[PDB]
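First, one chain by itself: the form deposited in one PDB entry, in structure tokens.
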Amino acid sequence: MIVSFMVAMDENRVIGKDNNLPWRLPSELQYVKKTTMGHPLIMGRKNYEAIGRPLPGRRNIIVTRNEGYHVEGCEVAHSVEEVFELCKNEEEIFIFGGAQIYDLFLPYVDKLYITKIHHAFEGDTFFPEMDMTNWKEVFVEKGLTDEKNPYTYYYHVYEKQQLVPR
């Protein structure tokens, strides 16, 4: 099972402002949709609510410690272990964010899908630091910038850098 972080952050790792995206890049979200199609999406409650709805064609799994938390059209999981069991037969799952949610899955991550937005926004929550010497880029592509997607941004994908033995 490939454990993948899915993330869009600015030049200071901002991933949110007052629980919402400080940017509006529909093309970027079209990319998330295309990339995650047919795979589970894993996200925290706060993250999930910051959207209002669930993405069709995707297994939405909400992670909260709240044992009474339910939402229609979604699954709820209360620990890392419960998510892995639930996703036991899946080839790839996408950790869809919450800083804390990313942190929960750090010891397990195999793949990084990182959108980097070339701008500094006002933010209050951040993509956790990561030592990238352990990682190797396998794909990059400049996003579509135009009237609907004002900012300049790049899709990046990283896999684990294999170490060559001494």
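Whichever C-alpha set is largest while still superposing within 1.5 Å between the two forms counts as the rigid core. Don't overthink the numbering: it's just position in the shown sequence, from 1.
There is another form of the same protein, the form deposited in another entry; it is not shown, and what comes next is about it.
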With the two forms aligned on their rigid core, point out which item of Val138, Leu106, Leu29, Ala120 shifts its C-alpha by 2 Å or more between the shown form and the other one.
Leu29
Spell out whether the Cα of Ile15 moves at least 2 Å between the shown form and the other one when the two forms are superposed on their rigid core.
yes
Given that the CA-CA distance for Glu28 and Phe105 shifts by 3 Å or more in that other deposited form, does it become closer or farther?
closer
Shift in CA distance, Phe94 and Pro128, in that other deposited form relative to the form shown here, given it is 3 Å or more:
farther
